[PDB]
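What the sequence shown shows, in the authors' numbering, is residues 1 to 36, 41 to 298, in sequence order.
Down below is the structure, laid out as structure tokens.
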Amino acid sequence: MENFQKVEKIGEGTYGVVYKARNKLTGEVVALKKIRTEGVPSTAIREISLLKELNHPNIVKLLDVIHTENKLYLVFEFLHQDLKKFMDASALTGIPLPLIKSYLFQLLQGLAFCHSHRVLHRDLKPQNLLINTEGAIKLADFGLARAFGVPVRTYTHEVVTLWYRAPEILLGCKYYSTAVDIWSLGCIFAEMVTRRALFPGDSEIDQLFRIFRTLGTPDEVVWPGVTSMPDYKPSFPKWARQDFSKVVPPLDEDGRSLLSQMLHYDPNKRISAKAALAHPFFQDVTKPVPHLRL
Ligand SMILES: NC(=O)c1cc([N+](=O)[O-])ccc1NCc1ccc(Cl)nc1
């Protein structure tokens, strides 16, 4: 590192390996992601560079985009833990409702900000949500999907998680909208509540059918235009919708109501982040401190 000092290898992101590193000069501790290939598309560097100006308290700060030696590195502010690890650590007792609500409220503020600036995430998941000791939670990797390209694999034959993908993406829609992020966040909200992934599909069709088995196979009534989607097949089985009370028990009606609006099939009916922030569920929102063991 011409200016760093790898503290250790965090993990293996969807784009490349991620390291915790310390800037030798400033002494700042950061997350360094080496991006995956043979020249680095100039189209990508310009788009990524624009994300440096996208700051909000609930968005992981992109500190630098380094294009040198024909390689691409992204330098991000560092946070000590992700929501996936936190949920596993809170598996026995569950994350307290006040903290679940605080986190959801903060993530929606983060999404409202990105979306108002025409920036989508497209691949939200527990591992991309970072938390600190102060009770803050932040979204990591916003806009990388568009700037770069389709995921599929990390960089070393690793299985892409489809659990949080919106149905319109699974049905082959080529144009993503802000709604895909709201869907993923609804899936995460449900998971924090029940302590089990809502739709743990192990293939694109299994993912789609797990959604259908729970929310009902969509039709033209609830989702105008669904039967004309690229990958829609008239042969899809027709499952009846399950009662929401059985999906995320023992969540209260305010919570179930908000979740139902975040999981509407029609992306156009799906609630926006701005509107979700005003939902009665957040009437008593607070900002608790989590018990974090680092
Ligand atoms: N910005 C970051 O700090 C960060 C970035 C990526 N990533 O993919 O670019 C992954 C995890 C991250 N932190 C959470 C974390 C998790 C585990 C450990 Cl040991 N230490 C920190």
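Don't be surprised by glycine CBs; every beta carbon is placed ideally from N, CA and C.
Taking the straight line between their C-alpha atoms, what separation do you get for residue i and residue j?
i	j	result
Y179	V164	20 Å
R169	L134	19 Å
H125	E2	31 Å
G205	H71	37 Å
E81	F203	31 Å
residue 39	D86	This structure gives no coordinates for residue 39. The numbering of the chain moves from 36 immediately to 41.
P253	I104	14 Å
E28	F117	26 Å
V225	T231	11 Å
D235	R297	45 Å
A149	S249	34 Å
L112	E57	19 Å
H119	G13	23 Å
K34	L281	35 Å
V251	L115	24 Å
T158	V17	9 Å
Among the options, whose alpha-carbon lies nearest the alpha-carbon of residue i?
i	options	result
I275	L96, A31, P222 and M266	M266
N62	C177, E208 and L143	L143
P171	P45, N272 and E8	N272
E208	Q110, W167 and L83	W167
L101	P228, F193 and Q211	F193
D127	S264, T182, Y159 and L108	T182
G190	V154, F213 and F109	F109
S264	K9, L83, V64 and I186	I186
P238	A279, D223, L83 and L32	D223
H60	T97, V7 and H121	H121
Which of the three DSSP states is assigned to residue i in this structure?
i	result
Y107	helix
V163	strand
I70	strand
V64	coil
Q5	coil
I99	coil
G190	helix
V154	coil
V251	helix
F80	strand
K34	strand
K142	strand
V197	helix
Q85	strand
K291	coil
Mind checking whether the beta-carbon of residue i lies closer than 7 Å to any heavy atom of ligand 3?
i	result
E162	Ligands present in the displayed structure are limited to ligand 1, and ligand 3 is not among them.
Between which residues of its own chain and residue i is the CB-CB distance below 8 Å, once the five residues before and five after are set aside?
i	result
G139	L103, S106, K291, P292, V293 and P294
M91	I99, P130, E195, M196 and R199
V44	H71, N74, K75 and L76
Starting from the C-beta of residue i, find all residues in its chain whose C-beta is less than 7 Å away, skip the five residues before and the five after it, and write them out in chain order.
i	result
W243	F216, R217, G220 and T221
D258	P284 and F285
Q5	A21, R22 and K24
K9	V17 and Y19
Please go through the same chain and pick out, in chain order, the residues whose beta-carbon is closer than 6 Å to the beta-carbon of residue i, but skip the five residues on each side of it.
i	result
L55	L66 and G147
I52	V69 and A151
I49	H71
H268	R274
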